[PDB]
Each structure stands twice: as C-alpha cells, then as structure tokens.
Amino acid sequence: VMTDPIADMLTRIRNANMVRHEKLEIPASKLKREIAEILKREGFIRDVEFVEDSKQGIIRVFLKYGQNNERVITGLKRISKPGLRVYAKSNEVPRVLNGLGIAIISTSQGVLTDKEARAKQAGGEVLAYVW
Amino acid sequence: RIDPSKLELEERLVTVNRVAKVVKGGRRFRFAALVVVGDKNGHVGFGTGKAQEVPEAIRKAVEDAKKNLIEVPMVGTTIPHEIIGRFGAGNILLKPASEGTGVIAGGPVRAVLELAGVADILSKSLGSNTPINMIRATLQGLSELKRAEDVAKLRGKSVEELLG
Amino acid sequence: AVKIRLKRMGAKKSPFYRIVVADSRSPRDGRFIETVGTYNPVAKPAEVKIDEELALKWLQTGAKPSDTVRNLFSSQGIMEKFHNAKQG
Amino acid sequence: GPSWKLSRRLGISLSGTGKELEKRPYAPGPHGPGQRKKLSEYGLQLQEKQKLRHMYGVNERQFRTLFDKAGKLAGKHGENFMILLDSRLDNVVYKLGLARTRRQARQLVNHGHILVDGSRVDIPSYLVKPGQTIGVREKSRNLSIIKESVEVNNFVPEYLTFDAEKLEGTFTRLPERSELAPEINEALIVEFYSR
Amino acid sequence: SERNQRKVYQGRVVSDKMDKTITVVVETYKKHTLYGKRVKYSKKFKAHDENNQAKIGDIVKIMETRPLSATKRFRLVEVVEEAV
Amino acid sequence: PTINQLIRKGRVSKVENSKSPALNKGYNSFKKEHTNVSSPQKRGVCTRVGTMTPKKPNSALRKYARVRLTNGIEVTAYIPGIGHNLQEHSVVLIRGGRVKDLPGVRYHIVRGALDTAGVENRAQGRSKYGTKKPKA
RNA sequence: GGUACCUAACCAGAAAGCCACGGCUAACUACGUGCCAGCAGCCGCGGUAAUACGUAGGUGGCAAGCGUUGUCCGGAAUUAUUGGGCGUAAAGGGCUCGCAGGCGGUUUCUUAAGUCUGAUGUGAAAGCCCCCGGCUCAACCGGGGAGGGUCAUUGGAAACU
RNA sequence: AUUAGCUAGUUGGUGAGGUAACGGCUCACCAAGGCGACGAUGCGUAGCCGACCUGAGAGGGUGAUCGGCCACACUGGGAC
C-alpha cells in the first residue's frame, strides 16, 4: 500500500536521525536519487550511493555528524501530500528558517532547491522542507 | 554549560502564589515564588522557591535562577528565525520582527524576553495560561535556536551561500 | 446623442470638473464612456489640462460639445486644427 | 491646568527645573508619606504615554493620529514618532526660544502672528521649508514676551539655525538622534499602543 | 477577417433514447476556494444530431450555437471514438 | 478530520444567542407579525409592581417591576435607583441588563424616561439613575 | 452675499463637563447604613471599624463631550486547510462483504487536462495603499501608479499529478 | 434532508403560427422523455455588485449617503 514513498523516505531519514543511526536503505526511485543528491549537495547528509538489484534498486545514505553529538538534519516535513496538493508561484516561493533551512520543489525543469528555484524564477510542486 | 556568577542581573520577579497543605490541625500555608533572572546581554534563567516568608522565597528563587542559566542567540537584537516553544501544554510561537516594532508578547513571556534584551519579537500563546508552563515553554524555545554561523559550520558552507 | 460635457466633483464650496464624453440620456455624475481632461475654475492660473487627442477622435466620430468645452477647445486651438482637418 | 501636579506626579518636570521637584515628590492628596507602590506593566506603559503627551501638551486623538501617521511613514516607529512631535510647531517655537513655556508658545502661535510662508498659522504640523527668507514682521517687535525671550539666553539647538538681530529661525535637514531622546525611554509607547 | 470562434467541448454520450438529440456529460471540473482540492463535478449538455449518428457511450465533440430548442444549445462536430 | 470529510461535510459554525430576546423583535398593527428590528430600548406600560427576595443566600428586597412592551412580550425589569415613583398604567422605557441576584429578570428600567422621575440625593454617578445637576 | 477672509478700536472678562478609583483596570481616605437601604461585566461587597452601597474631599481616564444599552468583528487555536482532537476529560461506528466515491509500487516513450511561465484584451469611475499640489499640514479636494482574476485567446517548459 | 421524488407544453422531432429576432411562447405523432444524492422539488430568507466594518493573515459580518445593473409606482390585468 504505503501511498507515497516520499513520506517513507523523509520519515526513514527522520527516524534514523532521531535514533542517531549511521546509514539507511531506501527503495530508490529516481525521485529518491534526486532528493538524496540535493541533500548531498546541501550537506545535510554525508554520503549517498545506490546499489542496483532486480528488486527495485536500493539506495543507501550515510548520515552526517561533524562534532561527536549533534543532529545536523534537524527535521523533515512533507507538504505536498496526496489528497491535498500544494503549489507555489515564482514570488511566494517559501523560505523556511530564512537563509537556514531548505525546501525541495520540483519545478517544470528538474527538481530544485528553493534558492536556485528563486534564481530561476520558476515554481512547481513544493514537496519537502528540511528544517 | 554552567555560567559563572560574575554578571549583573536584574532579578525582576514575575509571580508569587499562595500554596496550601492540609494536616490534622487545619491548613499550613506557604508561598511559592517564581522569578526570572537574567542580564540584557543574552543570558536568561528562571527560578522557583517555596517558603513560609515571601522575601525568603524571593532569595531562594533568585539563588535557583543563578544556579540555572542559559544563553540565547542575540544576533542583530532579534532572533534568527521562527520557532515554537512547545513544553507542557503552552505553545509560544516566536517570530522575528523588523527593528522598530518593539516586543509583542504576553506577560510572563514579555518578562523573559525583555529581560533577555530582545528588541523585536512577535509571539503568540497558543497553549495554557499557567505562568510556570509558559516560562518553561519559552525557555525551551529560546534554547532550541541556533546561530547562522553554527548552521554554516555544521553544513560545511559559508554564511554568504547560506543567505544566498 | 453623444456629448462632451462637464462632470462635477469636489467639495461643497469649491468645485472641480471633468470634461467627459457621454450620451445625453445619462445623468450628470452617472454613466460615461471615457475621460478627456480636467477643469479647475477656482484656481487663478488658467490652462487646465485636457488630453486633446481622444477628444479629437470623439469629434472625428462626431459629438456635440457644450459651450464651455467648445470655447476652451477654441482657447487652446483643438477645434481649430479639427477645422483644418475637415477642410483639408 | 495647575501645571505642577503633572510634574510632581510623573517625577519629571516639563523642561527640568529647580522648582516643582523639591518638597513635593508626590501629587495625590493625603497619600504623600505613604509608600509609592510599583506599577504594573500597563502602569509603566500608561505613565510613559502620559509623559510624552504631557511633555508636548497634545490631546489623545491627535496622539493616536500622529502615532498612526508616524508608523505608516517609513523608517522606525518610536523615534519617527518623536521626530514628528519634535517637528510640531509649538515645540518649534519653544526650541527657537521665543517663549518660556510650551503653554505660552501655544498661546503665541494661536493668537499672535508668525509670518512663515503666510500670515497666520494655528495648525501644528507645519514646517519651515529651508531655502527662502520669510520672517515674523514688525508688528510684534515691542512686546514684553518677545523682549524677555531675546534677553534670556538658553542652549540653542543645533538642528535650528537662528539669528539674534532679525530674530528669525530656520530648520535643518532633520532633527537628530542626540537630541531625539534626551530624557525619554521609548519603545514603551509602541508597546502601549499595540494593545 | 475571420470571425470569432465559439466554445467547443468534448464528452460522453449518456442518452440517445430521444430523437435527433444526444446528451453529452462533460467531465471538466473545479476546485474548492477554501481547501483547494481537485474535485470532479459532472455537468451535462444537450446537442443536436441530424442523422442520429451516435451511440450511448461514445466520445463526442460538440460546439455551442444559437438556441435550437428549449434547453438545446450545442451541435455535433465529430464522433472521435466509439464504444463496444 | 480528513480533507474529504471537510469537503463533503463542512465545518458547522457555533450558534450564539442574544442575551436580550424581547428587544430584537418588533410588531405592527395590520400585518400581525413579529418581524425583527433589533431595538436598543423599548417603551412599555407597567402592569404590576412588587418586590421579592433573590435566590442567593445574600438577601435584599428588590423592586421587580413587571411590564408589557409595545410588541406584547410581558417581562419583568429592575428598578435601579434609591426609591421610585412608578405606578401601574405608566409608560416607561427599558434597556437590557442582567440582574445576577434575581432570577428571571433580564432588563433594566432606564431613568429619565417618559414617566420615570429620577432619584434625589445623587451627586456621584449621576448621568445614570436619571438625576440632573442640583446647582450650576 | 456684504458670507469667509484683510485692516482695525476696547474687556481675562460672557465660554467644562461625564465616568471611574477591591482584582481584571491607571487612580484612596473619612462620615452615614449595618443581610436593611443598595452595587454588580465576572469574581462577589454590606448581619457596627464597608478602599466594592450613598455622601464629602482628593486622585485617575477622556474632553465639547462622557457613559449605558442594542448590533457586528476580534481576543475565541472556542467548527482549527492557515490553526484542535478521540485510552481515562466531550469524542472509534458491535463487527464484516462491498456499489459509487477518495488515494496508488518501480522503469521507459508519448500528450499537455491539472501544474508553472511570457504576450494581448479586459477586472468602469470614485474607494484602500504609494508619490506630489491647494483651502491658515488638517477633515477633504484633486494629478499619476499598485489590483481586488481558479478571467478569455495565444506562445513556451515536461519534473510531478 | 426532522424537504426523495418532480414535471400533467414538460420531453424532442416533423411541420404549421410567432412581439426586431432564436426558441413549445401555440395546434397533429411517438416517449414517461427530461430533471434528480455532484441535492431536483418544496419551505424559509434576501435586491445584487464596485465597496464598507473587523482581523496580522486566511477569513467572518453589512449592502446607508457615492456609482453600475434590475424591479415597482394603491393592489391586479390589459393594450394604444
């Protein structure tokens, strides 16, 4: 069943971070690979690689702790749930914790972060907040 | 991280409360005084104390608040971002404001924030009206915050590409 | 039918007028088509503003200006170059 | 109004004086030797509101109107509010030193003539536009109040220029931060008017 | 020049029992102003068929016109698909 | 609740009731209806005046003037001032106010009405209770 | 309409009241009355020492006004998408089978209905707001912009539904 | 919804009559055609809109003076 897999990706990341685990394994769609490499580029995670298998393919993600005890990725949130979709124009595109936290928004070309989506002046599916 | 006592603090009391206890000969009566203590440079603590005399409860509460202090982020005399202090069925939503609005807050929360020395914060109390629960909620909220440069060094980036 | 006439607004003692194009059936302050210029009889400086191309277009398609708009159009020469356009 | 009861209630004189602070630190009734209780937060906010509006002598509706005008204006609210109420013309006459008190400055503006770009001015928020030479004409020269005002010497403000022999004053670009808040603790007025 | 075109829709036949007309439901649909969810409301029209060349359940293109009857405004353009 | 439950069921707002029911209904002669006017004050002819005690263990004898309004709703109102000069067959104006101590009384009698003479020896709170200034 | 204004000749003289003062809520003292007379928006006050009732003085708020009533919006995150909950506080249908309805695992091409973004025409004028001018700023009166659009035609993008 | 059936020119066509016109707006043939749970029918209430009041905002109430559209002139009907 499991409706959307984006919620399971975000809450698997949140559960492993809140128990302070070291890595995770996710069923690895292309949107999972895209969100994971956005997180790798933004530094919220330490590493990501995907192993191929006939099952679905499995992507494993390695969390980040610079100092010995902290949580770098301080929270995750799904906004564009099924059953209530949400969209943004190019001028009300959101900055949550202004300058400090990122949003994952799939516009008409690529799936992009908030600051570069503003630099491109395009909007789309506002799907994730990383706090 | 414990803070030393080599600071000047203003120890403005917020609330005392008449507190009872029942025994065989009737009622014994004490006063529970809670105060908020902190300098204007960004350190805040609260204190509670029970005594049979009101200034005795005051000195006990200020000694407890000197024992327990915590430091808040004060970059640009206004908090870096929006936050919700959540503890104990009081929900204080804290939101930064532009530099001329002044502090907009309910009573105990305005006492804590004015004693911190913030200039412009809009806050709303979305929970209960119990003063100790508001104090613990707003101190958990002020503890939750973090530096922009702290976010920069934990993400491995610099402040200019955090801001843009 | 269509006329270029005045429309009154402003305070009680001090009026102000808009030179406007509307049919004669419409009331004084009521339904109009478009506005061409203002008029201020109170102020001692003369030569209140008229846009003077759309009024020219309205005179081209035909309209009946009132006396005061007629002689101010004569005063700064709108209907004179209208007459030159008619005669050539 | 008796005009000393306000000073001995609020603890600050109208301009600061050697009078109305000695032997009377309290206004009300038989309640002098009793201990002055500390006020609530609403008490401090209302006392600051009354302090600024009784320093400048203006009604509550005009206080609210210029508060909304100042906050609607760009800049910052509380100090922009004190900028506009500094630029109010009764205070302009008092800073120019044509009067002893703000009440007598109000009287002189109301019935006496001040020729600044027009014969009579009664309405308060008018400003002298710099760059033109307009002065109070010869009808009010040999008057006791103006003679007393020119023979007394006070601290001339740096944001007003003023001449002695032709007795006229003119503005500067803006009133300044150093003289903006000399004894007043601001950001309690905006906190009072938020509620 | 070229005259202005009229509105053209496409939909499903739901009844051809009555003569020289077909009824076309249209599944274009609207959203709440206050919650913002994409909810389907089905509105049906009346059309005018000349040779009865339509069956119940066929995707049909229709174009609005002057009133041909009481509650009859539209016209057949084409029968783009046919049912089983 | 889920968004689809909100879509097909809505959110029914809470319904509030006014604390002065008889002041919100008018009446006319030849149409025989109780249509609403939301009147702030109403006049009426007093048909019974007489006193009894409140329901709380505190006790005092209060005036309890019963009156029929123009729209025909007989209600009991309260006489505030120190003493009164009201009597049966007197036209008297009424405002709405809650008397907590008495039960079943929801209106006050305004003083300075068409017949209500104001109380004497009042120099504080004098715009209420219908008393003019004694000396200029 | 000899109306505002301008010149003038003499008098501080003809021109201030309303409400509150236990807590919320800024501002208190004496005298009468003693579950009586009365107050009250809630807590409640008064059965001989009443800051809660009426006076007298004083203070406090506002000002040609000031209070009460009536109606509506807030504070009410107290019908909660923004912004609530359901073990014991009000709140899980006694449980199942299922129509319509509401949601949908991964990959690859395809259309652009939803989605996002240009162009044009429109959403009249007065209104709110932004910037200037006039009646002794003023209330107001004007001059130029911003929109209150799931609006109609058309071009572009294909990540998501 | 503590209003589940409504429609007895209403249903569409053929023609024939038709206010400036399109049209059951009227006469001859077939259908219970058409409309309904996405609320038809019925009961109650109401002129509507630019706007106004409140609210930080989403949103909640009001339709006065100014402006646009509509309806009525004691209550009905009628035509010149």
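Scoring rules and cut-offs
- Residues numbered from 1 in each chain as written, not as in the entry; some residues may be left out.
- Chains lettered and ligands numbered in written order.
- Part of a larger assembly, values for the part shown.
- Heavy atoms only, no water.
- UniProt positions renumbered as here; feature names shortened; annotations may be inferred.
- Contact = heavy atoms within 4.5 Å.
- Buried area = accessible area lost by both parts, 1.4 Å probe.
- Polar contact = N/O pair within 3.5 Å; in protein donor to acceptor, adjacent residues only side chain to side chain.
- Helix = DSSP H or I, 4+ residues; strand = E, 2+ residues; numbered from the N terminus.
- Nonpolar A, V, L, I, M, F, W, Y, C, P; charged D, E, K, R; others polar.
- Buried < 20%, exposed > 50% of the residue type's maximum accessible area, 1.4 Å probe, protein only.
- Arc of directions from axis to C-beta.
- Near = heavy atom within 4 Å.

What the entry reports as its method is cryo-EM, with 3.33 Å given for the resolution.

For chain E, the name recorded in the PDB entry is 30S ribosomal protein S17, with Bacillus subtilis subsp. subtilis str. 168 as its organism. Listed as the entry title in the PDB record is "Cryo-EM structure of a Bacillus subtilis MifM-stalled ribosome-nascent chain complex with (p)ppGpp-SRP bound". Checking UniProt for chain E, the heading Function contains the comment "One of the primary rRNA binding proteins, it binds specifically to the 5'-end of 16S ribosomal RNA." Here chain E is described in UniProt, under the heading Sequence similarities, as follows: "Belongs to the universal ribosomal protein uS17 family."

The PDB entry annotates chain A as 30S ribosomal protein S8 originating from Bacillus subtilis subsp. subtilis str. 168. Word for word, the UniProt comment on chain A under Function is "One of the primary rRNA binding proteins, it binds directly to 16S rRNA central domain where it helps coordinate assembly of the platform of the 30S subunit." As recorded by UniProt, the Sequence similarities comment attached to chain A reads in full: "Belongs to the universal ribosomal protein uS8 family."

(A) Geometry of the interface of chain D and chain B. Taken together, the contact pairs 8 residues of chain D with 8 residues of chain B. Looking only at chain D, the three residues that lose the most surface to chain B are D:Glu41, D:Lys76 and D:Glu191, adding up to 57% of its buried area. At the surface where chain D touches chain B, the tally comes to 0 residue pairs in polar contact. When residues of the side of chain D that touches chain B are traced back to their parent elements, those giving at least two are α2 (41-56) and α8 (189-194) of chain D. If one sorts the elements of the side of chain D that touches chain B by residue count, α8(D) sits on top with 3 residues. Tallied by class, the residues present in the side of chain D that touches chain B amount to 1 nonpolar, 3 polar and 4 charged.

(B) A look at helix α6 (residues 102-110) of chain D. All names here are of chain D. Among the residues of α6, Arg 102, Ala 105, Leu 108 and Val 109 are the ones counted as buried. Buried residues along α6 cover an arc of 115 degrees about the axis, so they all sit on one side. Turning to α6, the residues buried within the fold contact α2 and α5 (89-96).

(C) Quick look at the protein's contact with RNA strand G. As a structural note, the neighbourhood of RNA strand G is formed by 96 residues, with D:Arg9, F:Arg11, F:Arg126, F:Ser127 and F:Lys128 the closest of them. Taking the atoms of RNA strand G that fall within 4 Å of the protein, sugar and phosphate contribute 75% of them. Contact between RNA strand G and F:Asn4: a sugar or linking oxygen at 3.5 Å from a side-chain N or O atom of the residue. F:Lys133 places a polar side-chain atom, nitrogen or oxygen, 3.4 Å from a sugar or linking oxygen of RNA strand G. It is α2(D) that provides the largest number of residues to the surface near RNA strand G, a total of 6 residues.

(D) How the structure looks around helix α3 (residues 78-87) of chain C. All names here are of chain C. Inspection of α3 places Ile 78, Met 79 and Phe 82 among the buried residues, and these make up the whole buried set. Projection of α3 onto a plane perpendicular to its axis shows the buried side chains occupying an angular sector of 80 degrees, all on one side. The secondary structure elements touched by the buried residues of α3 are α1 (54-61) and α2 (67-75).

(E) Representation of the protein's contact with RNA strand H. All names here are of chain E. Among the 20 residues in the neighbourhood of RNA strand H, the closest are listed as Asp 19, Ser 42, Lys 46, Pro 67 and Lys 72. Sugar and phosphate atoms constitute 88% of the interface atoms of RNA strand H, taking the interface as everything within 4 Å of the protein. Contact between RNA strand H and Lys 44: a phosphate oxygen at 3.1 Å from a side-chain N or O atom of the residue. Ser 69 is positioned with one of its side-chain polar atoms (N or O) 3.2 Å from a sugar or linking oxygen of RNA strand H. Of all the elements in the fold, those that place two or more residues in the surface near RNA strand H are β5 (43-46) and β6 (59-69). Among the elements that take part in the surface near RNA strand H, β6 stands out by supplying 4 residues, more than any other. A per-class count over the surface near RNA strand H returns 5 nonpolar, 6 polar and 9 charged.

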